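Structure record follows, encoded as structure tokens.
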Amino acid sequence: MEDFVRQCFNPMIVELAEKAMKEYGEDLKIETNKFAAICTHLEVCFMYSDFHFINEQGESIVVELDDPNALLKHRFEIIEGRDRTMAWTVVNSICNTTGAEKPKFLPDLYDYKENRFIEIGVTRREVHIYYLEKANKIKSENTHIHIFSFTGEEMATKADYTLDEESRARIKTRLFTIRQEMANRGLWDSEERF
Amino acid sequence: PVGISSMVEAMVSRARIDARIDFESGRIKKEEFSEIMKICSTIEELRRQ
Amino acid sequence: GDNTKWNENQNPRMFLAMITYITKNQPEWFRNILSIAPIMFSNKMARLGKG
Amino acid sequence: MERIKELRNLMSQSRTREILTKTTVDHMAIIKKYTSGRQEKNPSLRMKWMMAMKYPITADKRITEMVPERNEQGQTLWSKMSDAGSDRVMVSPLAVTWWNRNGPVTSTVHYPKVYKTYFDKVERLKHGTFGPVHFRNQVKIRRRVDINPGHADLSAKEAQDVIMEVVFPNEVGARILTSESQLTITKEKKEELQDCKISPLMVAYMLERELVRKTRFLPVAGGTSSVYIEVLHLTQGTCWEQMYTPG
RNA sequence: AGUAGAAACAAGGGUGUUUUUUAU
RNA sequence: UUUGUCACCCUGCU
């Protein structure tokens, strides 16, 4: 129950997650590990978005922190940390000007390097069978996709990746530590009323 | 309209998209974007949160 | 012709019975939500006016 | 940007921050209607009584930068008082005549297209021919007739679909249009409605009244068709009958 | 007085300011 | 009559 894991993450994670599961979910059974899925997801998305501003050209440079500087356009606006009335709103208001393909299902990010969306979800073990489901789901979602693994295997479409590849290892450490404590405690990788 | 969020969270969420998407993804002035983001941050601070 | 003193007779304790008959073989929350207006009607207290 | 300026000025003083950060967004539907005025039981008497008042109607405050105070002869055209529970000004019915007399002009190339369903009647009446009058019996049966041609074979769902796609494009929400007819209507209106300054409620109302079907219960004695019904007072009577073919 | 008819109208609310003083 | 000398607002379905 991640209220002890609350000592690890900034409270904004749970601030967003409890507000998100409010309408669709609860905290009666196995939510703090569903909170853990959500926290890994949101944390890695934010972790990218935190320090990438774009130059005249794409391929964002990593930037110092807390710095009022020339470039503020960060490459990836967060769509996952919003309510539907803003998520669908922003995906429409993008699909209209700078014409893209509003996808049949939900997005996570959108950049100005490739001018397309990104999917960043995670799966626990080998994705040899679940990349199939992901593929039959957001069919031809022509925004860069990249599944993940609770062990550390990475691969994506177009044989091309996002940006600097030390973040590869840093997300590997993110996940590695997460499980580490998981293995320490969890079994890591095992009607109306009136 | 629906949702369970406050009226200012929404009015500040749908105030940064407009600065970056019509007046800074179509080549209109880059000098208003600054103060737009400035006052958005100012407002989201004034609520004390 | 007409009927006389129509809304001086017809007390709620019969609306209760006809509602209980209408809502037969139905979920229970349905009946409970449908039978509260007859109950407050049969216990009502009318104001008098201005003086 | 006046938007964020007025927002920050609202949430800078007291009495206005707590309302904005306490009222959720699914609740503003209730407090939008929070009024201290009553719907009136006798409107005719009140109109006849109020028309003899000096300042009987209400305008938006912008009047003070669009219309003078005292005209050529020296009759007041608006007052210096605010209405009951609003920031609107109380104005006299001479200001309407003034605006229609010496006022700002605009263009009117779109008013025909937004109100097409009326101009249909207008230039369908002035292309119709008359005939004889038969003074005889009139036997009427009461039937159910469509009082509007019903542009498409659709219902309310795809109606809201096409209306929100044509009027409010960045807030359609989630779904996309499916069939060919709705796309054709959409794009026709897309092109022919560009650069319009009519209020979007008026455009949505006219598209609803122009695109959906209404049916009523009427006594007929002749032919059962939709273009005939709008002229029914004139074609049939109880003792006489006029002949007519609209164009 | 009159309106009016099973009870009313013939108006209804708030804000003031204050120990003898010479003059127009 | 009064401790007074005179003013002031508001409202017409609340």
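Chain labels follow the order of the structure tokens: the first chain is A, the next B, and so on; residue numbering restarts at 1 in every chain, and ligands are counted from 1 in their shown order.
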
Please provide as a VMD selection string all residues within 12 Å of residue 34 (chain B), with the sequence filter that same-chain residues fewer than 6 positions apart are discarded (counting only C-alpha atoms (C1' of nucleotides)).
(chain A and resid 68 to 73) or (chain B and resid 16 19 to 20 23 to 24 40 to 41) or (chain D and resid 1)

Could you pull out all residues of region 4-175 of chain D with a DSSP call of alpha helix (DSSP H) and give them as a PyMOL selection string?
chain D and resi 4-10+17-22+28-31+43-50+94-101+111-114+116-125+156-167

Please list as a VMD selection string every residue within 12 Å of region 227-240 of chain D, counting only C-alpha atoms (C1' of nucleotides) and excluding residues in the same chain fewer than 2 positions away.
chain D and resid 118 120 to 122 124 to 125 128 130 to 140 144 to 150 215 to 225 242 to 247

Just the residues within 8 Å of residue 163 (chain D), please, counting only C-alpha atoms (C1' of nucleotides), with nothing from its chain fewer than 6 positions along; format it as a VMD selection string.
chain D and resid 204 207 to 208

Could the residues of chain A within 8 Å of chain B, counting only C-alpha atoms, be given as JSON, numbers by chain, please?
{"A": [83, 85, 86, 90, 93, 94, 97, 98]}

I need the chosen residues saved as a PDB file, in the first residue's frame, with C-alpha atoms.
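Full text of again34.pdb as output:
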```
ATOM      1  CA  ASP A  83      -9.179  15.481 -17.508  1.00  0.00           C
ATOM      2  CA  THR A  85     -12.607  17.777 -21.168  1.00  0.00           C
ATOM      3  CA  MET A  86      -9.000  18.905 -21.676  1.00  0.00           C
ATOM      4  CA  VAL A  90      -6.217  19.334 -26.901  1.00  0.00           C
ATOM      5  CA  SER A  93      -7.190  21.478 -31.203  1.00  0.00           C
ATOM      6  CA  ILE A  94      -4.050  19.883 -32.506  1.00  0.00           C
ATOM      7  CA  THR A  97      -4.330  23.285 -37.101  1.00  0.00           C
ATOM      8  CA  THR A  98      -1.002  21.727 -38.034  1.00  0.00           C
TER       9      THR A  98
END
```

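Near chain D, within 6 Å and using only C-alpha atoms, the residues of chain A are residues 88, 89, 92 and 93 of chain A.
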
Please, which residues of chain D lie no more than 12 Å from chain B when the count uses only C-alpha atoms, and can they be set out as an NGL selection string?
:D and (1-14 or 16-30 or 170-171 or 173)

Neighbour list for residue 197 (chain D) as an MDAnalysis selection string, cut-off 12 Å, only C-alpha atoms (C1' of nucleotides), skip fewer than 6 positions in-chain
chainID D and resid 106:111 114 167 203

Could you dump the residues just selected with N, CA and C atoms as an mmCIF file, in the first residue's frame?
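Output (selection_19.cif):
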```cif
data_model
loop_
_atom_site.group_PDB
_atom_site.id
_atom_site.type_symbol
_atom_site.label_atom_id
_atom_site.label_comp_id
_atom_site.auth_asym_id
_atom_site.auth_seq_id
_atom_site.Cartn_x
_atom_site.Cartn_y
_atom_site.Cartn_z
ATOM 1 N N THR D 106 -22.572 47.544 -42.209
ATOM 2 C CA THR D 106 -21.845 46.288 -42.347
ATOM 3 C C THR D 106 -22.206 45.671 -43.692
ATOM 4 N N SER D 107 -21.838 44.408 -43.871
ATOM 5 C CA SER D 107 -22.167 43.658 -45.072
ATOM 6 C C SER D 107 -23.217 42.605 -44.752
ATOM 7 N N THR D 108 -23.941 42.192 -45.787
ATOM 8 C CA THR D 108 -25.099 41.329 -45.615
ATOM 9 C C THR D 108 -25.106 40.252 -46.692
ATOM 10 N N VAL D 109 -23.934 39.688 -46.992
ATOM 11 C CA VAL D 109 -23.854 38.642 -48.007
ATOM 12 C C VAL D 109 -24.146 37.263 -47.430
ATOM 13 N N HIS D 110 -24.113 37.113 -46.110
ATOM 14 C CA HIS D 110 -24.333 35.823 -45.479
ATOM 15 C C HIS D 110 -25.732 35.660 -44.911
ATOM 16 N N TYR D 111 -26.437 36.759 -44.653
ATOM 17 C CA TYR D 111 -27.794 36.663 -44.125
ATOM 18 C C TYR D 111 -28.729 35.816 -44.986
ATOM 19 N N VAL D 114 -27.565 31.891 -44.043
ATOM 20 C CA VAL D 114 -27.877 31.474 -42.681
ATOM 21 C C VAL D 114 -29.375 31.281 -42.497
ATOM 22 N N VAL D 167 -20.141 24.252 -36.253
ATOM 23 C CA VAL D 167 -20.167 25.505 -35.510
ATOM 24 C C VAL D 167 -19.075 25.553 -34.448
ATOM 25 N N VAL D 203 -26.641 30.499 -35.414
ATOM 26 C CA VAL D 203 -26.313 29.576 -36.494
ATOM 27 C C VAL D 203 -26.757 28.166 -36.138
#
```

Would you list the contacts of residue 13 (chain F) as a PyMOL selection string, taking every protein, DNA or RNA residue within 10 Å and counting only C-alpha atoms (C1' of nucleotides), but skipping same-chain residues closer than 2 positions in sequence?
chain D and resi 38-42+46

Could you give me, as a ChimeraX atom specification, each residue of region 52-175 of chain A that DSSP assigns to strand (DSSP E) when run on this structure's backbone?
/A:52-53,61-62,77-78,109-110,117-119,144-145

Output N, CA and C atoms of each residue in that selection to a file, as a PDB file, in the first residue's frame.
```pdb
ATOM      1  N   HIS A  52      13.651  19.231 -21.789  1.00  0.00           N
ATOM      2  CA  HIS A  52      13.908  19.195 -23.227  1.00  0.00           C
ATOM      3  C   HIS A  52      13.312  20.403 -23.903  1.00  0.00           C
ATOM      4  N   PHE A  53      14.078  21.418 -24.239  1.00  0.00           N
ATOM      5  CA  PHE A  53      13.501  22.516 -24.984  1.00  0.00           C
ATOM      6  C   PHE A  53      13.971  22.327 -26.400  1.00  0.00           C
ATOM      7  N   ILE A  61      17.849  19.635 -27.070  1.00  0.00           N
ATOM      8  CA  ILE A  61      18.997  19.556 -26.179  1.00  0.00           C
ATOM      9  C   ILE A  61      18.519  19.465 -24.737  1.00  0.00           C
ATOM     10  N   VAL A  62      19.249  18.705 -23.922  1.00  0.00           N
ATOM     11  CA  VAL A  62      19.002  18.702 -22.484  1.00  0.00           C
ATOM     12  C   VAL A  62      19.420  20.061 -21.940  1.00  0.00           C
ATOM     13  N   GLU A  77       4.250  18.260 -24.775  1.00  0.00           N
ATOM     14  CA  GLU A  77       3.196  18.692 -23.879  1.00  0.00           C
ATOM     15  C   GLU A  77       2.518  17.419 -23.308  1.00  0.00           C
ATOM     16  N   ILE A  78       2.178  17.396 -22.010  1.00  0.00           N
ATOM     17  CA  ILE A  78       1.574  16.264 -21.317  1.00  0.00           C
ATOM     18  C   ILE A  78       0.070  16.324 -21.549  1.00  0.00           C
ATOM     19  N   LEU A 109       1.213  12.123 -25.587  1.00  0.00           N
ATOM     20  CA  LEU A 109       2.100  13.257 -25.807  1.00  0.00           C
ATOM     21  C   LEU A 109       1.953  13.776 -27.230  1.00  0.00           C
ATOM     22  N   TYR A 110       2.627  14.892 -27.506  1.00  0.00           N
ATOM     23  CA  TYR A 110       2.689  15.453 -28.851  1.00  0.00           C
ATOM     24  C   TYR A 110       3.859  16.422 -28.918  1.00  0.00           C
ATOM     25  N   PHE A 117       2.157  12.171 -32.221  1.00  0.00           N
ATOM     26  CA  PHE A 117       1.924  11.784 -30.841  1.00  0.00           C
ATOM     27  C   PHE A 117       2.909  10.698 -30.418  1.00  0.00           C
ATOM     28  N   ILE A 118       2.860  10.351 -29.130  1.00  0.00           N
ATOM     29  CA  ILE A 118       3.707   9.309 -28.563  1.00  0.00           C
ATOM     30  C   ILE A 118       2.868   8.464 -27.613  1.00  0.00           C
ATOM     31  N   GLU A 119       3.096   7.152 -27.653  1.00  0.00           N
ATOM     32  CA  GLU A 119       2.523   6.218 -26.687  1.00  0.00           C
ATOM     33  C   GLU A 119       3.670   5.573 -25.919  1.00  0.00           C
ATOM     34  N   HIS A 144       4.465   8.247 -33.052  1.00  0.00           N
ATOM     35  CA  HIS A 144       5.482   7.276 -32.642  1.00  0.00           C
ATOM     36  C   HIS A 144       5.044   6.446 -31.430  1.00  0.00           C
ATOM     37  N   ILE A 145       5.164   5.120 -31.491  1.00  0.00           N
ATOM     38  CA  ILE A 145       4.849   4.294 -30.324  1.00  0.00           C
ATOM     39  C   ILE A 145       6.069   3.581 -29.836  1.00  0.00           C
TER      40      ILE A 145
END
```
